[PDB]
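See structure below.
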Amino acid sequence: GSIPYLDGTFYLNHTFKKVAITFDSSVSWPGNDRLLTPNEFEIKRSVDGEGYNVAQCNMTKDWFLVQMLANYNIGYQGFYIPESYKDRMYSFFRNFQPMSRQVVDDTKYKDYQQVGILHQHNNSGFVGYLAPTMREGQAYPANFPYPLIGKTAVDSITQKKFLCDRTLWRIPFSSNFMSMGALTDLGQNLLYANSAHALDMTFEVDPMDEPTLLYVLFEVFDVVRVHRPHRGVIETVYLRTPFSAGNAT
Amino acid sequence: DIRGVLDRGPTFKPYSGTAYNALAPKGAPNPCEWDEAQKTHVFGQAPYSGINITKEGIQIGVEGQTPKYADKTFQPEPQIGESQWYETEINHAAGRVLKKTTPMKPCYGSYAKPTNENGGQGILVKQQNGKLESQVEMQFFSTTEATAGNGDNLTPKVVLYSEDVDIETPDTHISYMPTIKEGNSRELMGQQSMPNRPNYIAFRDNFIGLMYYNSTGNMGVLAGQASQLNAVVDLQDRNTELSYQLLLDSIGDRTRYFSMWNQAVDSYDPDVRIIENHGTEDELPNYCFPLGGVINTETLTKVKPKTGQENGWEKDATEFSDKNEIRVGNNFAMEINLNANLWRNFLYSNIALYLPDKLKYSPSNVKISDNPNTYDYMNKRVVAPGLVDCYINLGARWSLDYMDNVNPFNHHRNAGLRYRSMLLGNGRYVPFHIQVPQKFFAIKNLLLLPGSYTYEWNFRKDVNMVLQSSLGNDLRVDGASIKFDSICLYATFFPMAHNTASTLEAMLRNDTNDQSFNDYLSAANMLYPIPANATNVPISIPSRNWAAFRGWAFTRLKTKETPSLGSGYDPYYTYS
Amino acid sequence: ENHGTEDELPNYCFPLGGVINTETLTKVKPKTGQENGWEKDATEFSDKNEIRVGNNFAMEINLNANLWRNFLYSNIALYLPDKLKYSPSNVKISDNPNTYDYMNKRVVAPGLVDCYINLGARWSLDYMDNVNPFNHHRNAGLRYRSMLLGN
Amino acid sequence: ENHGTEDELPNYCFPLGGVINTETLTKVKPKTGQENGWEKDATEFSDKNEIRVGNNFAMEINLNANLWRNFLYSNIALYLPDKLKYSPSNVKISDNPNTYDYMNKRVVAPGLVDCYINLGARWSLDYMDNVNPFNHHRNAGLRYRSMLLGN
Amino acid sequence: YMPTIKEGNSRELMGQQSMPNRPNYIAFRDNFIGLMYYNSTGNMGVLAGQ
Ligand SMILES: [Ca+2]
Ligand SMILES: [Ca+2]
């Protein structure tokens, strides 16, 4: 089938739960108490007490702000639909879908009765039995699913989630999560270019029953220079920083 | 930022059609039994096959050598029958049936809650000791000719389990009632059902009506902490919401949807307002054949030539059975017309129902309401499909005369409306949590500077204003409700460097760098009344100055759909 | 562009009343005393009760294939070159091949274009390559200009 | 995005010949000189005629629901995760869970996804979130690149 | 649907029912992905002065 690692067809972004980053194992990098939560970016809440969801979904406000900033420099002066030419096929805003629904509350509805698949006989007398084969059975009032509307509705609870495929999650290495140029202001500061550091990242994701892979792209500078001093001769020089790879006399 | 509890009322139905036994023919009844002049009659079906029948029930298997019988609570299920298409002989059939206490409804759209995990429905009752015990009776039937004789053998042939469910219909209604007289009787077997009209409900676009604008009674306040000098002054005729709509249209695209501000644009279908009627493509017929291929066969016997007789045709059954089945001629088949029916259903469902009320007529033998705003009245009227059939204004791009002045946004294909309704879920009780923007022009883009301010506002709790409703039911009557729980205010600060921010403040406090703001609509609004069947409206304006005018812009509205902004609560506004 | 049709499930009709092949029966109750004894009971139930044994009558039809077949015959097969059609029988027809009547009363067998031609292949019939594709009844512009004058 | 279907009217199918339940009848003319009573007549009318009494016989079918159900079963229910299907009976099947044969011969109950799931609710089935949505036959690009090579 | 596991032709076998196979396209990828080796030190390409 389609290989996401090659042709860019991703469908699992909606299963991350939180991310934490630390330089030198003791200094957190949201920096200097920026975010609403103290030490990490929270990308989805199940149970909220203080109301941090946005867009009628389950995405913390923050993460929404971080993505909008890092993709369109939008968010410090109110949110609005970005222009068409700045919103490509693989962008973030084109591929956001919030969804919600209601279901029966078993613990509260006093007549709840779990019925499996083997014993649901709606549309009974004019359709096959657990197969697309010939019709069977007699006609009879149905017993599934519980009504949710009308004057005899049942009690219910609500579930919310979101879907966001075809795009990567982004975190820019700037001071204020903006795109002010290719070479960021924090990639030049003396502290991050005249010493060394150790990096620790911690992801928390929802579980799946199959071995999986976590895909990380460190955005770096990769440059080639080409020189042609004579007839039929060509020399090249490669640079890739920070993750250097090359010889040194 | 707002949270709370919303109750959309018992007239919320977001889907066309129904959801139970939708495939059943709209006239077929349920297995029932009733009373006549006093004896009882029974009508029903028996699909299940068995092995042997005794007075304990119907055997369904052997456990060792001991027979095992049916479990009278959920045994033979309504959806299990035979499997081979070609009919065979069965001698020990069983089935279910409803007692005579339960009212009779058509199969179409009939529901009854389950009462035990296995999946059976039957009203449990109290025993003498505190306990709930089911009550299902058994009734046996034998062949008429067998009883028309002597009870030498007289073995039963069919077994019926009779019960009594708590039947109910949540979304359909009766479209034909043969007899007013109540109770179970022979006549009521003829009734027919049809589904209720779809009806969405949601918050409006951009949360119009949730905040109080242009009402000097409850004007908002934004002021210096110690000055107590209001900075927002609003007149009673500076319409604000429409201006925001126009501005949003002008500065950017509009067809796209942004969920955060509930930003979806109301719109009608481009093919419902105007009826492009090309007819249908039905050159070929579209028959339908018998499940078995052919069912009118006849019996025949193999015959072989004789020898020395020039015709001696003689019988022969040494290898071929004497009786074989064969069909002569073509096979039985019935006809339909597909595209005509599809087009006719579309026309009836999308145009015929939404006609002006003056063409419909009240039904017969069915009780109806009186407030012509209630959902009940809007739903139980009937309209003859002859007004708009598959042959109206053929070959013409045209719109019906009646449907011209009828609002086309009150509909069930208003994509914005259905999107906003689905965005809250399909239930009836919704805990909601939303964010609401700010639209006043003098503080829409104002850039504040260090200090302490007081900021206070007002919100509506009326249900006719803040919730739309594709039809118009006066939602105050229909029991809708909305209760606020808590509010919070959010703000975002650019992390600007300290000295640069100080310089910016110092430059921006010089009185030559004040701020200027202009409304987008930028006009004064006046409404005048027009009585019924009028034709001429004169208006006047007394002498005054006219410097720096710009022009006129007019339109026309129905009075039934225009609230009385300027007071806390307008009890005479029943539409939505 | 021929993907075929999606017809995994059958689409059966059903008798107007729900069942029409019933048969008569008489109520019987277990005779007390002797085991396996039964006797006629008519004190409360009529001697004529109608019951159906087994499934109910129903006829089968295929929907998606029929729709696609109708579309294919209507919008392509008719517009084939005149050299493939053949004159009808026992019906008077014109002789001027440019008339409306001649174009109308000629018949063309559906077998030339059915729901099984070039399955799965994005293709156009060689016959229709050299026939004007704008002389058609789906030409949106022509339809609009015709409706503008009236009907 | 399940809005239900528009089926406010019944769609019937009538007998091929118009009516099939005819019955025989015989002409009759009023007897004169009695103010009542009648008599037979065979001077001009054949004594055998066929006539139907009451309406004609027709069967019913709900149309839109069948199409919606076909689409729903064909484009979703098959692609469910393999842990919800049960192997068939009396059919030899492969055992390698990647072959086309095994992916084809597993069966799945329609009741899992019918015309009434999450009614009126814009939602996506949980079982289908973590299943690749680009492996499909409505994947337009794949279908195009497949038809380009031929059929 | 196979009513009986027997072989040959018998009365029961008349009841079986058929059903179509699932559709399944096969073609080259997008942009001919995978048709040329990249980023593999085993089979690195060469473009160089003769
Ligand atoms: Ca016969
Ligand atoms: Ca015979």
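None of the figures in this text is laboratory data; all of them are computed from the coordinates on show. Neighbour counts run over all protein chains shown; Cβ positions are idealised from the backbone, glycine included.
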Cβ-based exposure ranking for C:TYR100, D:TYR86, B:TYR429, in which fewest neighbours within 10 Å come first: C:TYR100, D:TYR86, B:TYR429
Span from the segment A:125-188 Cα centroid across to the segment D:78-114 one, whole angstrom: 25
Modelled FRET efficiency - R0 45 Å, B:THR255 with A:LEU130, Cβ distances, 0.05 increments: 0.55
Inter-centroid distance (Cα atoms) of segment B:505-576 relative to segment A:98-117, Å: 50
Surrounding net charge for B:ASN393, when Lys and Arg each add one and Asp and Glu each subtract one, Cβ distance under 12 Å: -2
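Tell me, which longest segment in chain A has none of the GluC sites (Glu not before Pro) that fall in DSSP loops with at most 14 further Cβ atoms within 10 Å?
Details: sites that count: A:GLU50, A:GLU83, A:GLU219.
Counting at most 14 other Cβ atoms within 10 Å as exposed, the longest clean stretch of chain A is A:84-218.
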Projected-area mean, segment B:20-178, by convex hull of Cα positions, square nanometres: 14.1
Ratio of the Cα radius of gyration of segment A:1-74 to 2.2 N^0.38 Å, where N counts its residues: 1.32
Interchain or long-range residues, amide H under 5 Å from B:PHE12's placed H: A:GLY150
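Treating only the Cβ atoms of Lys and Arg (+1) and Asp and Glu (-1) as charged, compute the dipole magnitude of segment C:1-106 about its Cα centre; round to the nearest 20 debye. Can you show the working numbers first?
Values: 12 positive and 15 negative charges, 101 e Å.
The calculated dipole for segment C:1-106 is roughly 480 debye.
Please state, rounded to one decimal and in Å, the Kirkwood hydrodynamic radius that the protein assembly as shown gives when every pair of distinct Cα atoms enters the mean of 1/r. Kindly include the intermediate steps, with their values, before the conclusion.
Details: mean 1/r = 0.0268 Å⁻¹.
Kirkwood radius, the protein assembly as shown: 37.3 Å.
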Computed magnitude of the charge dipole of the protein assembly as shown (debye, nearest 20; Cβ of K, R +1, Cβ of D, E -1): 1840
Angle in degrees between helix A:61-72 and the longest Cα principal axis of chain A, rounded to the nearest 10: 50
Antiparallel content of DSSP bridges confined to segment B:40-163, in %, to 5: 70
All-pairs Cα distance distribution in segment C:34-151, expressed in whole percent, bin size 10 Å: 9, 23, 23, 13, 6, 7, 8, 8, 3, 0
Chymotrypsin sites (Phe, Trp or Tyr not before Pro) within segment B:271-374, DSSP loop, no more than 13 other Cβ atoms inside 10 Å: B:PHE320
Ascending count of other beta-carbon atoms within 10 Å, so fewest first, for B:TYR48, C:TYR144, E:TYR25: C:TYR144, E:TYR25, B:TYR48
Cα→Cβ-extended label distance, 7 Å offset, between C:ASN90 and B:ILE530, nm: 6.4
Candidate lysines for bridging to C:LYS83, where Cα separation is under 30 Å - those fewer than 8 sequence places away on the same chain excluded: C:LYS92, C:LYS105
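Calculated FRET efficiency, B:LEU300 and E:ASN9, Cβ-Cβ r, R0 25 Å, to nearest 0.05?
Once rounded, the FRET efficiency stands at 0.75.
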Segment A:53-94: trypsin sites (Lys or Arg not before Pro) in DSSP loop, at most 16 other beta carbons within 10 Å: A:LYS86, A:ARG88
For segment B:474-480, Karplus couplings with θ = phi - 60° (6.51, -1.76, 1.60), whole Hz, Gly/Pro x: 4, 5, 5, 5, 7, x, 5
Acute angle (nearest 10 degrees) that the helix C:140-149 long axis makes with the longest principal axis of chain C, alpha-carbon atoms: 90
Test item: Cα-centred dipole of chain B, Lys/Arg +1 and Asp/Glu -1 on Cβ, debye: 1440
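Which of the trypsin sites (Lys or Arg not before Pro) across segment B:486-576 are loop residues per DSSP, with 10 or fewer other Cβ within 10 Å? Could you put the intermediate results ahead of the total?
Details: sites: B:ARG509, B:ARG544, B:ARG550, B:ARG556, B:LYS558, B:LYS560; in loops: B:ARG509, B:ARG544, B:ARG550, B:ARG556, B:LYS558.
Here the sparse-neighbourhood loop sites are B:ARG509, B:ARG544, B:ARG550, B:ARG556, B:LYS558.
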Two-site FRET efficiency, A:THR241 against A:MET89, from Cβ-Cβ distance with R₀ of 41 Å, rounded to 0.05: 0.85
Gyration tensor over alpha-carbon atoms, chain B, equivalent ellipsoid semi-axes in Å: 69, 32, 26
Between helix C:64-75 and chain C: long-axis angle, C-alpha atoms, 0 to 90°, nearest 10: 20
³J(HN,Hα), Karplus 6.51/-1.76/1.60, whole Hz, each residue of segment A:138-148, x for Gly, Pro: 10, 7, 5, x, 7, 10, 6, x, 4, x, 10
Rel. contact order, % - alpha carbon contacts under 8 angstrom, at least six apart, segment B:195-247: 29
Given charges at Cβ of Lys, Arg, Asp, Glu: segment B:423-576 dipole, positive-most of B:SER452, B:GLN435, B:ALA524: B:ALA524
Links that overshoot a 23 Å alpha carbon limit, given the list B:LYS157/C:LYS31; B:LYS55/B:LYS131; A:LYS151/B:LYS380; B:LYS126/C:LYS27; A:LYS108/A:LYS151: B:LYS55/B:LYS131; B:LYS126/C:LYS27
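Net charge near B:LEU475, counting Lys/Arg +1 and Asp/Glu -1 over other residues with Cβ under 11 Å of its Cβ?
Combined, the nearby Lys, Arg, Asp and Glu give -2.
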Between segment B:228-260 and segment D:13-63, the Cα center-to-center distance that results, in Å: 74
Residues whose placed amide H lies under 5 Å from that of D:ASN11, excluding near-sequence neighbours: D:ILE61, D:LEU63
Footprinting exposure proxy for C:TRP123, D:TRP38 (fewest neighbouring C-beta atoms within 10 Å first): D:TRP38, C:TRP123
Environment charge at B:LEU565 (Cβ cut-off 14 Å; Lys +1, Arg +1, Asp -1, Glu -1): -4
